[PDB]
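One chain is shown next in structure tokens, namely the form deposited in one PDB entry.
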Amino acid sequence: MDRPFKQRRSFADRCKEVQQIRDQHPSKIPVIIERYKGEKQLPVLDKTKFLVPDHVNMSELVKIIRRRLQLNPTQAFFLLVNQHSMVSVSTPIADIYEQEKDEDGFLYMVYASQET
């Protein structure tokens, strides 16, 4: 629906789903990508739950998500993980998953037209 993921799924069920994904997609990182609650410029992505092959750099994900949003060339766009902008993080998602993942095992990201 429209409510954020953590509002729709219990912590238990989210954990259980991450365990399922470890069995069924071992090389992928499970991620939740959501629009900032107070965002007024950027549109809402078609979907919010993704798997990411774990070699993809965070910096590349910024470019991929920006393409998916179909913005104009000048629109501001920031992808935030635990409030940090990912635009210059040329590090595989595998290597930041363990430091930045939620207790439920998903890696959460927020996009917005401003950083702070």
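Note that residue numbering begins at 1 and tracks the sequence as displayed. Think of the rigid core as the biggest set of C-alphas that the two forms share within 1.5 Å after superposition. Residues that one form lacks are left out of the comparison.
Keep in mind that the form deposited in another entry is missing from the display, and what follows is about it.
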property	result
Option from 33, 86, 52, 42 moving between this form and the one not shown, CA shift at or above 2 Å, rigid core reference	86
Closer or farther in the other form, the Cα atoms of residue 66 and residue 87, when the shift from this form is 3 Å or more	farther
Residue pair residue 87, residue 107 - Cα distance in the other form, closer or farther (3 Å or more)	closer
After core alignment, residue runs (3 or more) whose Cα moves 2 Å or more between this form and the one not shown	2-4, 82-89, 114-116
